[PDB]
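Asks: Before I ask anything, let me first share the structure, which is written out below as structure tokens.
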Amino acid sequence: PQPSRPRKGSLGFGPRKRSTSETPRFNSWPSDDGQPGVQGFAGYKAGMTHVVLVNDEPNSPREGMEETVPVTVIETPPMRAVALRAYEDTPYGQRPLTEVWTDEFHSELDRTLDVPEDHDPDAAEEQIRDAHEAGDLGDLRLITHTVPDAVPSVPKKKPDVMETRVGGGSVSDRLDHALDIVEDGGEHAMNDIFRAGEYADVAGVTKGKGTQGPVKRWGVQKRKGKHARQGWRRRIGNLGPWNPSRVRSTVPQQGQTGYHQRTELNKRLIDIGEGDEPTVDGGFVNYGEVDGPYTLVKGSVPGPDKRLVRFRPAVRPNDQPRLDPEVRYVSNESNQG
Amino acid sequence: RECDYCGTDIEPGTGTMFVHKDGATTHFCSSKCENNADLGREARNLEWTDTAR
Amino acid sequence: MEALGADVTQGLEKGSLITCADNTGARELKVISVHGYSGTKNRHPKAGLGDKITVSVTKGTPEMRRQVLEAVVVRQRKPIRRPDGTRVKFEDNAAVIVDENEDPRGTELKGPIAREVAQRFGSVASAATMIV
RNA sequence: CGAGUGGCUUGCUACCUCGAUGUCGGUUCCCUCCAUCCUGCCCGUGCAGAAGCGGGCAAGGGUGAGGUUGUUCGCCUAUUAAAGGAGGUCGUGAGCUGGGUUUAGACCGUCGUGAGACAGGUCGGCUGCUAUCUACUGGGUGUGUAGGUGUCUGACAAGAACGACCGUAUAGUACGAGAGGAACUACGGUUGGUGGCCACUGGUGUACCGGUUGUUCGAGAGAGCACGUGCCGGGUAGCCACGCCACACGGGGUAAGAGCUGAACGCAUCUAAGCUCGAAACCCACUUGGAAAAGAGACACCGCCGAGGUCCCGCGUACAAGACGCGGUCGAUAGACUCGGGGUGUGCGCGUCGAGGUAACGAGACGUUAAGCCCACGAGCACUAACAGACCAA
RNA sequence: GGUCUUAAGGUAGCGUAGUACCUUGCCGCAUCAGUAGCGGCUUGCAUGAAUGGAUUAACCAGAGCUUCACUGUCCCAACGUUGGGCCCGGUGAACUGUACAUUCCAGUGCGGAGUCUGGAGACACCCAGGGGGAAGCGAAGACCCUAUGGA
RNA sequence: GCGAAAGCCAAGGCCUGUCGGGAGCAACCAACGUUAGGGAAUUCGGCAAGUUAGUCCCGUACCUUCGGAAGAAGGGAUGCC
RNA sequence: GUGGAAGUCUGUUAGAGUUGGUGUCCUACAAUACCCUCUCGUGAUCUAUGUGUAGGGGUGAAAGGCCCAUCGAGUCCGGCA
Ligand SMILES: [Cl-]
Ligand SMILES: [Cl-]
Ligand SMILES: [Mg+2]
Ligand SMILES: [Mg+2]
Ligand SMILES: [Mg+2]
Ligand SMILES: [Mg+2]
Ligand SMILES: [Mg+2]
Ligand SMILES: [Mg+2]
Ligand SMILES: [Mg+2]
Ligand SMILES: [Mg+2]
Ligand SMILES: [Mg+2]
Ligand SMILES: [Mg+2]
Ligand SMILES: [Mg+2]
Ligand SMILES: [Mg+2]
Ligand SMILES: [Mg+2]
Ligand SMILES: [Mg+2]
Ligand SMILES: [Mg+2]
Ligand SMILES: [Mg+2]
Ligand SMILES: [Mg+2]
Ligand SMILES: [Mg+2]
Ligand SMILES: [Mg+2]
Ligand SMILES: [Mg+2]
Ligand SMILES: [Mg+2]
Ligand SMILES: [Mg+2]
Ligand SMILES: [Mg+2]
Ligand SMILES: [Mg+2]
Ligand SMILES: [Mg+2]
Ligand SMILES: [Mg+2]
Ligand SMILES: [Mg+2]
Ligand SMILES: [Mg+2]
Ligand SMILES: [Mg+2]
Ligand SMILES: [Mg+2]
Ligand code: NA
Ligand code: NA
Ligand code: NA
Ligand code: NA
Ligand code: NA
Ligand code: NA
Ligand code: NA
Ligand code: NA
Ligand code: NA
Ligand code: NA
Ligand code: NA
Ligand code: NA
Ligand code: NA
Ligand code: NA
Ligand code: NA
Ligand code: NA
Ligand code: NA
Ligand code: NA
Ligand code: NA
Ligand code: NA
Ligand code: NA
């Protein structure tokens with residue numbers, strides 16, 4: 001008869017090739033509801049620990065009781081919006097119109113960009129406002145970058161740059177909001193965007209594992225029984241039928257596994273603090289000691305320690321926000337042992 | 004809580020609770036102790052154990 | 001069914017032999033099926049704490065032997081996680097024969113029972129000696 | 001009784017292959033069809049309810065586990081929302097398996113004078129090849145677009161990224177004489193699938209520490225060998241699943257269907273023109289890839305005698321070559337050292353005790369000693385090594 | 001039927017057999033479920049006495065079955081060890097090759113096409129892979145039939 | 001040690017079962033170790049792997065050609081000083 | 001108790017054999033090999049050397065087995081183009 005069975009692995013994350021940018025790029029943004037604001041932030045993965053929380057769920061028969069929750073510690077120091085990019089609507093989608101930059105640059109932004117020495121902020125601003133007058137102004141986003149130097153456990157000083165969208169009330173209002181942030185020095189923090197208890201979407205390039213077989217890469221079975229002793233242990237039965245006489249790309253084969261971008265949905269932000277309250281004893285293995293701006297993400301986060309991870313207010317949350325959850329205990333017990 | 008074996012404090016959100024045949028209960032703070040116990044050893048006779056200390 | 005209020009790692013399969021923790025006259029039970037459970041190609045149907053499973057009597061009184069009854073998994077050796085993160089495991093695998101209404105076929109329950117089993121089978125619970 | 005469709009069965013034909021297109025069943029892995037088993041939306045009922053029966057749209061998803069048999073089929077059991085059928089050389093042997101069919105050996109029955117036969121049964125009885133092309137999975141080097149850095153856009157491409165069940169409230173309510181017994185909605189959980197992660201549990205851990213047998217180095221101390229750890233006990237990092245986290249709703253258009261306004265046909269009519277609704281299906285939404293999209297893109301800044309890049313050196317958040325990413329004295333990139341954090345479980349020696357023994361001798365116990373030994377992690381720390389320097393470039 | 005062919009007309013036993021077509025025979029044991037296995041029945045398609053029958057302790061790399069124990073055979077895979085695999089120096093074959101060849105979907109054709117026809121796709125080269133296709137490579141098919149062939 | 005057995009080591013012989021260098025050294029393969037809970041559900045079939053084990057004491061069924069079955073089964077002990 | 005019989009037992013003693021792995025190999029190390037597993041191991045035993053039997057003939061505990069990688073009638077050359 002041959003019993004049915006789902007295929008091995010999702011065909012929705014392909015091609016399973018190495019990622020073009022180690023820095024994640026969201027392909028979606030939250031809707032323009034509330035007041036004007038930057039729709040995302042970034043940080044660096046540190047490690048994991050657990051925390052005891054007070055059941056916050058109003059529908060849980062345990063609401064109000066202790067509860068142990070896993071948490072990923074992410075160092076989230078301030079970032080800097082160094083410019084405001086404007087897009088115009090055209091018959092061929094959105095396209096970058098212009099950009100408004102600043103003059104106050106972080107000491108080592110030149111490790112990545114050819115920092116501007118001569119720019120006309122006003123003209124750009126003008127061009128943008130004219131476009132808006134004509135009604136061709138497409139969404140507005142800020143070119144942002146991090147300050148790895150602010151994070152010791154992270155070797156790199158070369159900042160990571162990524163564009164984040166700015167959603168706000170009216171286009172005029174948030175446009176201004178954008179310009180204001182930038183003009184200053186673009187310096188902003190996790191607090192300015194997220195509040196503990198809110199759900200965010202965390203993107204990141206998963207841990208790389210190089211080339212792997214079908215079994216690990218797609219989760220196909222291993223040869224079973226006698227079949228396992230004949231000369232085949234981790235190779236599939238066949239690459240396909242006689243006809244079509246070609247190998248379909250839908251058949252699980254070997255390749256690059258790991259180091260792929262993934263936007264993990266609805267991650268609850270258990271807490272945003274600063275200091276060394278979350279650090280473990282002995283130090284986060286292969287990472288270091290945390291002591292500064294941090295975020296505690298419920299559960300796991302794609303990527304290995306030290307990798308850049310991005311935050312975005314959840315685009316498709318299932319639950320309502322339950323702000324500032326009570327944290328009764330944060331484990332500092334050594335991750336070694 | 005305190006480990007019913009070695010006697011050190013069991014880190015919250017950690018450990019296993021073994022329920023005996025009779026119904027008795029034994030909280031272990033680690034596999035190390037569970038295993039030393041399954042070997043039939045008594046925490047008092049092990050010098051590294053806080054009990055013994 | 002109602003939330004067990006605990007995460008379980010089924011420690012049993014179709015064909016597993018477990019203990020009958022009651023005085024029904026059945027000593028040994030063989031798991032045959034797991035209520036409301038559908039598996040996947042090649043996977044052996046799995047059962048654990050708090051599952052109502054169909055069973056057959058392997059050992060016991062002649063009149064109880066070979067009879068196909070219904071039952072509730074009361075203990076398993078494999079660990080289970082409680083809300084506070086601690087794990088809990090028992091000394092053996094045991095079940096208690098039950099009827100259509102889920103009332104224990106027997107009069108007395110031998111050995112301890114996991115608290116979680118209460119939030120599902122009351123009459124089984126209100127018949128327990130020790131509830132861990 | 002009559003008219004058909006399909007090409008799964010069987011038969012017929014003898015067109016194709018006898019300088020061979022490897023058999024049946026099974027397995028593993030991939031795509032599909034609809035004549036739909038379940039799931040969504042509906043119509044009728046001999047539709048009170050509940051449970052059904054029959055029919056319409058509909059292929060998104062699911063359709064599982066076992067006992068006899070080589071079996072397909074089927075018979076049987078317990079679960080289940082349901083445990084649907086069929087195509088791909090009766091998909092799949094340059095993938096497996098080899099129980100069966102169909103070699104040589106042998107037995108039994110039948111037939112035969114006999115050699116020996118059987119559209120009978122039975123025991124045993126082999127699975128070759130280093131991939132040239134093509135195909136696809138992944139990885140690079142070049143050229144085209146025509147200097148560089150950073151950030152984007154989005155033609156198009158993939159997805160099931162989600163499918164399903166149980167429980168609670170609704171409610172012992174509507175309905176019903178009663179027995180019995182719903183729903184909308186809101187909740188909690190399970191299962192199957194998916195992607196990721198290791199604080200926790202668990203596995204490994206021929207790093208490490210300890211115990212111990214045989215033997216060799218005279219004893220001791222400390223060691224080698226006993227298969228790539230002698231065996232046993234414990235086990236850090238890492239890697240993992242048996243562990244943990246995350247995976248909608250809602251719009252838009254439709255089918256079957258329910259209707260509105262409405263004529264041909266003064267009436268009537270859901271349809272002819274027009275309109276309102278309405279499926280797990282379609283489109284969007286969401287996730288992944290995507291300037292080689294030849295209309296070969298956009299923006300900002302830097303630079304054309306210098307911007308930037310390659311080689312080099314110290315290393316990995318990367319890795320089969322290649323690629324990738326980071327650091328390079330304006331430095332914590334790697335090592336040493338010292339702390340922290342961890343694994344073992346109390347070192348050598350010496351002192352006391354020790355069944356005894358004239359004595360020699362003495363297994364072992366306690367103390368010194370959370371000792372001794374050890375660490376793939378963290379910190380501090382420029383002590384050592386990231387020096388010297390080459391090249392390409394409008 | 002209550003003898004006829006052709007001499008006799010199956011006795012003791014054993015029997016759904018390694019012999020039983022019907023067949024998964026019927027009943028029972030055993031299992032949740034047993035075309036298996038064992039026991040009983042048995043009209044035996046087509047058992048049977050040195051073509052030896054029955055039965056049988058011991059023996060057996062002989063065939064079938066059940067139980068305890070055991071376990072990575074399985075649920076469902078993971079980690080590790082050694083030798084390869086990958087890169088480098090040296091050594092250095094063979095198989096195979098009408099030609100052309102970046103193909104895919106359909107169609108057509110001696111009815112099983114990379115090459116025909118229509119479309120679609122397609123920048124070149126290279127590395128690694130697992131083997132879908134070249135009705136892949138290997139062997140003038142053992143099967144079948146034919147030859148006024150052979151043994 | 002029962003041993004012309006294993007394992008270890010002399011004497012004697014050998015580093016010529018004769019190509020090397022490098023990557024924590026990926027996929028895949030050959031040999032193999034360990035795997036929680038379950039325990040034959042795998043499969044034609046328990047194939048492969050595993051379990052058991054030396055020695056002494058106790059004890060040992062059906063059946064039988066009286067030889068045997070039998071090391072039946074099952075239970076206990078085992079070092080060092 | 002003595003005695004120490006056996007086509008007797010255990011046994012990688014030496015030696016002989018070849019059951020399963022349908023493992024490794026399958027342009028091999030090899031035109032029949034490698035490893036693990038397994039059988040015999042005082043006898044109808046294994047083995048060296050010498051010697052006899054020759055092709056429609058030997059030899060055969062019988063498989064049409066074997067008679068120099070050649071066997072339902074060896075090999076060589078000839079009949080033979
Ligand atoms: Cl297989
Ligand atoms: Cl089942
Ligand atoms: Mg094989
Ligand atoms: Mg740890
Ligand atoms: Mg711990
Ligand atoms: Mg199966
Ligand atoms: Mg072929
Ligand atoms: Mg239809
Ligand atoms: Mg489909
Ligand atoms: Mg076929
Ligand atoms: Mg098929
Ligand atoms: Mg083949
Ligand atoms: Mg093939
Ligand atoms: Mg091959
Ligand atoms: Mg066969
Ligand atoms: Mg057979
Ligand atoms: Mg056969
Ligand atoms: Mg050109
Ligand atoms: Mg060694
Ligand atoms: Mg019978
Ligand atoms: Mg021929
Ligand atoms: Mg013939
Ligand atoms: Mg003739
Ligand atoms: Mg196991
Ligand atoms: Mg079976
Ligand atoms: Mg099966
Ligand atoms: Mg065996
Ligand atoms: Mg003998
Ligand atoms: Mg012997
Ligand atoms: Mg001779
Ligand atoms: Mg013959
Ligand atoms: Mg010769
Ligand atoms: Na093998
Ligand atoms: Na092989
Ligand atoms: Na084929
Ligand atoms: Na041919
Ligand atoms: Na087949
Ligand atoms: Na469907
Ligand atoms: Na079956
Ligand atoms: Na074929
Ligand atoms: Na084959
Ligand atoms: Na086959
Ligand atoms: Na709709
Ligand atoms: Na371009
Ligand atoms: Na006769
Ligand atoms: Na014999
Ligand atoms: Na194994
Ligand atoms: Na191929
Ligand atoms: Na040499
Ligand atoms: Na005598
Ligand atoms: Na052999
Ligand atoms: Na002759
Ligand atoms: Na001649």
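Chains as they are written, first to last, in the authors' numbering: chain D, 1 to 337; chain V, 4 to 56; chain L, 1 to 132.
No residue lacks a Cβ here, since even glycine has one placed at the ideal position from N, Cα and C.
#1: Rounded to the nearest angstrom, how far is the Cβ of V:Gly16 from that of D:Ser331, given a contact under 8 Å?
#2: Can you tell me whether DSSP reads V:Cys6 as helix, strand or coil?
#3: Quick test of your reading: D:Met48 and D:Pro77, contact by CB under 8 Å. State the CB separation rounded to the nearest angstrom.
#4: Taking the alpha-carbon of D:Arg322 as reference, which of D:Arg268, D:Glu99, D:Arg316, D:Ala81 has the nearest alpha-carbon?
#5: Across which residues does DSSP place D:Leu239 in a beta bridge pair?
#6: Over what stretch of residues does the alpha helix (DSSP H) that includes V:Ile13 continue unbroken?
#7: Which one or two residues does DSSP pair with D:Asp271 in a beta bridge?
#8: Cβ closer than 9 Å: which chain L residues qualify as neighbours of V:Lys24?
#9: For the alpha helix (DSSP H) holding V:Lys35, just list the boundary residues, first then last.
#10: D:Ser107 by DSSP, collapsed to three states: which one?
#11: Mind checking whether L:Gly11 and L:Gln76 have CB atoms under 9 Å apart?
#12: With a threshold of 9 Å between beta carbons, is D:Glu333 in contact with chain V?
#13: Is there a C-beta anywhere in chain D that falls below 9 Å from the one on L:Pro83?
#14: Identify, in the order they occur along the chain, each residue of the same chain with its Cβ nearer than 6 Å to the Cβ of D:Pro293, setting aside the five sequence neighbours on each side.
#15: Under the three-state reduction of DSSP, which class applies to residue 363 of chain D: helix, strand or coil?
#16: Mind checking if D:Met65 is an interface residue toward chain L, Cβ cutoff 9 Å exclusive?
#17: Cβ of D:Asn191 within 9 Å of Cβ of D:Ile74?
#18: Do D:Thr263 and D:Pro15 have their CB atoms nearer than 9 Å?
#19: Alpha carbon to alpha carbon, how far is V:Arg44 from L:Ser56? Give it in angstroms, no decimals.
#20: Give every residue whose Cβ lies closer than 5 Å to any heavy atom of ligand 1, listed in chain order.
#21: State the Cα-Cα distance for the pair L:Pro104 and L:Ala21, rounded to the nearest angstrom.
#22: I need the straight-line Cα distance from D:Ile143 to D:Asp324, nearest angstrom please.
#23: Taking the alpha-carbon positions, what's the L:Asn93 to D:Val161 distance?
#24: Per the DSSP calculation, D:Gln94 is bridged to which residue(s)?
#25: Strictly under 9 Å for the Cβ-Cβ distance: is D:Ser153 near chain L by that measure?
#26: So is V:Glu14 in contact with chain D if we call contact Cβ pairs under 9 Å?
#27: Pull the bridge partners of L:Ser56 from the DSSP assignment, please.
#28: At a CB-CB cut-off below 7 Å, which residues of chain V make contact with D:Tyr329?
#29: Strictly below 8 Å CB to CB, what residues from chain L border D:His227?
#30: Rounded to whole angstroms, what's the CA-CA distance from D:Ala134 to D:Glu108? Just pull it up for me.
#31: Going by DSSP in three states, D:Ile128 sits in which element: helix, strand or coil?
#32: Just verifying my parser: in three-state terms, what is the DSSP assignment at L:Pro104?
Replies: Straight from the coordinates:
#1: About 6 Å separates the two Cβ atoms, so the contact holds.
#2: Three-state result, V:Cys6: coil.
#3: Contact doesn't hold; Cβ gap of about 19 Å is too wide.
#4: Of D:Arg268, D:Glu99, D:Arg316, D:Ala81, the residue nearest in Cα terms is D:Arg268.
#5: Looking at the DSSP assignment, D:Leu239 forms no beta bridge with any residue, so it has no partner.
#6: V:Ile13 -> no alpha helix (DSSP H), and no H or E assigned at all.
#7: Paired residues: D:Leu296.
#8: Here the neighbours are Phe90, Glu91, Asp92, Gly111, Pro112.
#9: Element bounds for V:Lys35: 34-41.
#10: In the structure shown, D:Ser107 falls within a coil segment according to DSSP collapsed to helix, strand and coil.
#11: Against a cut-off of 9 Å, the Cβ pair of L:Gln76 and L:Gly11 comes out as a contact.
#12: True, the Cβ-Cβ gap to chain V drops below 9 Å.
#13: With 9 Å as the cut-off, L:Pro83 counts as an interface residue toward chain D.
#14: Excluding residues within five positions, the ones whose Cβ falls inside 6 Å are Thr76, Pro77, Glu274.
#15: Since the first residue shown for chain D is 1 and the last is 337, residue 363 of chain D is missing from the structure and cannot be characterised.
#16: The beta carbon of D:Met65 sits closer than 9 Å to some beta carbon of chain L.
#17: Inclusion of D:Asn191 and D:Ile74 in the CB contact set at 9 Å is not warranted, their separation being larger than that value.
#18: Between D:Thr263 and D:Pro15, the C-beta gap is not smaller than 9 Å, which leaves the two residues out of contact.
#19: So the alpha carbons of these two residues sit roughly 39 Å apart.
#20: The filter returns D:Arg223, D:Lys224, D:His227, in chain order.
#21: Computed Cα separation, rounded: 11 Å.
#22: Just so you know, the alpha carbons of D:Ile143 and D:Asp324 end up roughly 30 Å apart.
#23: Taking the straight line joining both Cα atoms gives about 57 Å.
#24: Per DSSP, D:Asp89.
#25: For D:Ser153, the answer is no, since every Cβ of chain L falls outside 9 Å of its Cβ.
#26: The beta-carbon of V:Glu14 is placed less than 9 Å from the nearest beta-carbon of chain D.
#27: Answer by DSSP bridge pairing, in chain order: L:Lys30, L:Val68.
#28: Contact of D:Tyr329 with chain V by beta-carbon distance below 7 Å involves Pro15.
#29: Those within 8 Å of D:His227 in chain L number zero; the least Cβ separation is about 13 Å.
#30: Rounded to the nearest angstrom, the gap between the Cα atoms of D:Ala134 and D:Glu108 is 39 Å.
#31: Per DSSP, reduced to three states, the secondary structure at D:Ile128 is helical.
#32: Annotated three-state conformation of L:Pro104 is strand, per DSSP.
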